[PDB]
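Position one of the sequence shown corresponds to residue 397 (the entry's author numbering), numbered consecutively onward. Heads up, the thing below is written out as structure tokens.
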Amino acid sequence: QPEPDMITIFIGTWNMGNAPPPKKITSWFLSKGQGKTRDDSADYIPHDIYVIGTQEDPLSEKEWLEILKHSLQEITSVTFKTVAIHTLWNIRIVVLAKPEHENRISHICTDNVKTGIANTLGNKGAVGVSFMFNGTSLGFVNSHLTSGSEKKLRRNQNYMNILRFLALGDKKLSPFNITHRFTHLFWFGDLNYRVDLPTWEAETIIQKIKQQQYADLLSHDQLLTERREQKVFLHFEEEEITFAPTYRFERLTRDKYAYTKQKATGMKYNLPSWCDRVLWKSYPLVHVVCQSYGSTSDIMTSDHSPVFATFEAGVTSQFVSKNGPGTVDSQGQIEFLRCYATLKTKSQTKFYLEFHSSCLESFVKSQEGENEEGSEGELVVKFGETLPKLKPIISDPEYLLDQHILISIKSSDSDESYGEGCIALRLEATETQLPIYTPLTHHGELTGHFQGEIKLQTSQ
Ligand SMILES: [Mg+2]
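Printed below as a string of structure tokens:
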């Protein structure tokens, strides 16, 4: 039975509002409701992997696993296997997979980050899971960020703490945070970004929602505007939103938004908002297509509606050659020409590079670059033709063209990374000098760029 080249992944996020779910939640897993919904002809086709994030979840892990497995069994007639479950306070992530995938999944990791300081520490944060699926690394983050329309900067700070401190994926990738450790990273949750309009426009906003006219609301969505200004979620994607705001509803109906300030809200308004989101980041030139992104209409126990998203995601095999793993393949090489890093740092130390990739036996350190000043004040670190020739473990182009090289630029003085990026080996040609480029980030913020040329030799 052949190994898959693509799988489908279900992501769900639901703030349950500390209430038990209703008896039937299958519309969630079927991507039915509002927005970009799944075709009815697919209803009996199971996704390969289901990743379920909850916030304000009142259930035990056992209780929620019961409900999830029974719901998927009812839909698909398949008994899913539990890959992982992890809970921080009332924030939870469950990963379920088809039983045929049990021996394709390995290296399962879980972690959590608590976001608060002093008073703020004690209910917000994130949980995550990572694993390998054959040759492909997958990461998943469910976060419950700070509440309140006035707190978008605190949400952005929560995001950066989660990014920095969530310990998932391959610990040998020591310069890299979760935003570079995975072929595909999915980050979802009750992110709590709000529609930033005046509170006296509440009834106008509800009218727009009833007309399914979201454009003038989305133009004020804090997550879209902060992402456009590069304040958060740099280099992530989100599908277009075509479903009504998922917060804040009166419970047991979806006919009414409960926006008014009350003692229970700390005298805050909750104007209708897209609190509940799914974003992703995949390595360059890997197949990833969003197939659905929407909200259910028939699950009403919470003041939030569940959100679903589904993806078709490219995956690769666990390649074995006569040579690697366990040795290099002399017929393969990776070479770099006319390369240089442009850094935003105001510092003047020497820099070197590290190249990290699963196609190498271990990471490779370059010689120091030569610092120059750019025309507009920048630090330019020139490597020219000085970068090492990388020796992949497998030369077969059906393996090597699917790989990626992670790059860190490190201070010689401190051995700290000043920037991380990723180069695809999915080239237009082999044995040909071709341009390469990545932005460089550190703690998820832009710190520079790396560009130059690559020349890849494969056994063809
Ligand atoms: Mg709540």
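Beta carbons: idealized from backbone N, C-alpha and C, even for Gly.
Cut-off 6 Å between Cβ atoms - residues of its own chain near residue i, not counting five sequence neighbours on either side
i      : result
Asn414 : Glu452 and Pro454
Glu774 : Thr738
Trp410 : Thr450 and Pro702
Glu841 : none
Contact test: residue i Cβ vs ligand 1 heavy atom, cutoff 7 Å
i           : result
residue 339 : This structure gives no information on residue 339, because the portion of the chain shown stretches from 397 to 856.
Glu633      : no
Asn411      : yes
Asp699      : yes
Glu708      : no
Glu452      : yes
Residue i classed as buried or exposed, judged by whether at least 16 other C-beta atoms fall within 10 angstroms
i      : result
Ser791 : buried
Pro418 : exposed
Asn538 : buried
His700 : buried
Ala522 : buried
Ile441 : exposed
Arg650 : buried
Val685 : exposed
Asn588 : buried
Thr478 : exposed
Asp612 : exposed
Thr828 : exposed
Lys568 : exposed
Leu830 : exposed
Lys494 : buried
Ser437 : exposed
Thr723 : exposed
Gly780 : exposed
Extent of the continuous alpha helix (DSSP H) to which residue i belongs
i      : result
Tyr833 : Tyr833 -> not in any alpha helix (DSSP H); beta strand (DSSP E) instead, spanning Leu830 to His838.
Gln618 : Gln618 to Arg624
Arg550 : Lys548 to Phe561
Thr472 : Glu457 to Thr472
C-beta contact flag for residue i and residue j at 8 Å
i           : j      : result
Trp596      : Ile637 : no
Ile489      : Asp439 : no
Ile850      : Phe747 : no
residue 883 : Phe715 : Only positions 397 to 856 of the chain appear in the structure, and residue 883 is not among them; the question remains open.
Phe578      : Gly524 : no
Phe584      : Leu675 : yes
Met528      : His839 : no
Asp592      : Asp672 : no
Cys505      : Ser526 : yes
First and last residue of the uninterrupted beta strand (DSSP E) at residue i
i      : result
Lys806 : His800 to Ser807
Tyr795 : Counting along the chain, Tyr795 falls outside any beta strand (DSSP E), though it belongs to the alpha helix (DSSP H) covering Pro793 to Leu796.
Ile407 : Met402 to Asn411
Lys659 : It is not in any beta strand (DSSP E) - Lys659 carries neither H nor E in the DSSP assignment.
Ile790 : It is not in any beta strand (DSSP E) - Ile790 carries neither H nor E in the DSSP assignment.
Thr506 : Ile501 to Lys510
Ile445 : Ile445 to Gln451
Contacting residues, own chain, Cβ-Cβ under 7 Å from residue i (five flanking each side not counted)
i      : result
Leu426 : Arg434, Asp439 and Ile471
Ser693 : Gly429, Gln430 and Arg650
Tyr655 : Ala598, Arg644, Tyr665, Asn666, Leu667 and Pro668
Other residues of its chain near residue i: CB distance less than 8 Å, five sequence neighbours each side excluded
i      : result
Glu812 : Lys806
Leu796 : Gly728, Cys755, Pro788, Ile790, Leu821, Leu852 and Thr854
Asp798 : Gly531, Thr712, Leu821 and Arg822
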